[PDB]
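> Next up is a structure, given as structure tokens.
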Number of protein chains: 2
Amino acid sequence: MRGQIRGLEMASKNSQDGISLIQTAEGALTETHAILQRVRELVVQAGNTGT
Amino acid sequence: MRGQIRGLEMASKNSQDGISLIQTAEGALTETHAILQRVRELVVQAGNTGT
């Protein structure tokens with residue numbers, strides 16, 4: 001029982017560090033989005049040929 | 001009868017020293033447990049690959 005208790009708390013902390021890592025990755029994907037939006041805009045106007 | 005009386009008291013003391021020895025061994029096994037718990041924890045987190 002002690003084994004599973006302590007290992008279960010540590011399993012919580014494991015999952016929590018997992019959350020943290022994912023939050024970092026996802027933040028990188030946020031700034032990825034913002035950039036790709038800029039790109040899309042630049043493409044729309046760049047597709048505004050004639051002017 | 002005297003033989004068995006005195007030898008039976010001394011048989012008690014024999015068993016009592018046996019208890020003592022076993023208590024020592026078992027204490028060593030207590031600290032063994034605590035260590036193995038630490039080990040198990042270190043294995044769980046060490047199995048938390050990805051982070």
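Ligands are numbered from 1 in the order shown, residues from 1 within each chain, and chains are lettered A, B, ... in the order they appear in the structure tokens.
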Residue 45 of chain B: which residues within 8 Å, counting only C-alpha atoms, same-chain residues fewer than 5 positions away excluded, as an NGL selection string?
:A and (10-11 or 14)
> Taking only C-alpha atoms into account, what are the residues of chain B at most 8 Å from chain A, put as a VMD selection string?
chain B and resid 37 40 to 41 44 to 45 48 50 to 51
> May I have the selected residues written with N, CA and C atoms, as a PDB file, in the first residue's frame?

```pdb
ATOM      1  N   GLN B  37      11.494   1.495  -1.135  1.00  0.00           N
ATOM      2  CA  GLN B  37      10.402   2.371  -1.500  1.00  0.00           C
ATOM      3  C   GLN B  37      11.036   3.520  -2.274  1.00  0.00           C
ATOM      4  N   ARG B  40      11.708   2.424  -5.686  1.00  0.00           N
ATOM      5  CA  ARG B  40      10.510   2.342  -6.509  1.00  0.00           C
ATOM      6  C   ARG B  40      10.085   3.714  -6.996  1.00  0.00           C
ATOM      7  N   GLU B  41      10.124   4.705  -6.113  1.00  0.00           N
ATOM      8  CA  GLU B  41       9.760   6.057  -6.503  1.00  0.00           C
ATOM      9  C   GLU B  41      10.666   6.571  -7.610  1.00  0.00           C
ATOM     10  N   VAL B  44       9.707   5.078 -10.808  1.00  0.00           N
ATOM     11  CA  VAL B  44       8.485   5.608 -11.404  1.00  0.00           C
ATOM     12  C   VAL B  44       8.794   6.902 -12.142  1.00  0.00           C
ATOM     13  N   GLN B  45       9.421   7.851 -11.450  1.00  0.00           N
ATOM     14  CA  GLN B  45       9.744   9.102 -12.117  1.00  0.00           C
ATOM     15  C   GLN B  45      10.743   8.863 -13.236  1.00  0.00           C
ATOM     16  N   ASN B  48       9.192   8.271 -16.141  1.00  0.00           N
ATOM     17  CA  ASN B  48       8.379   9.378 -16.632  1.00  0.00           C
ATOM     18  C   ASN B  48       9.068  10.065 -17.798  1.00  0.00           C
ATOM     19  N   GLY B  50      10.000  11.598 -21.423  1.00  0.00           N
ATOM     20  CA  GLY B  50       9.325  12.673 -22.092  1.00  0.00           C
ATOM     21  C   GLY B  50       9.643  13.950 -21.362  1.00  0.00           C
ATOM     22  N   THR B  51       9.776  13.875 -20.039  1.00  0.00           N
ATOM     23  CA  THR B  51      10.158  15.036 -19.243  1.00  0.00           C
ATOM     24  C   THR B  51      11.398  14.797 -18.389  1.00  0.00           C
TER      25      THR B  51
END
```
> Could you tell me how far atom CA of residue 16 of chain A sits from atom CA of residue 49 of chain B, in Å to one decimal place?
13.0 Å
> One decimal, in Å: what's the spacing between atom CA of residue 43 of chain A and atom CA of residue 27 of chain A?
24.3 Å
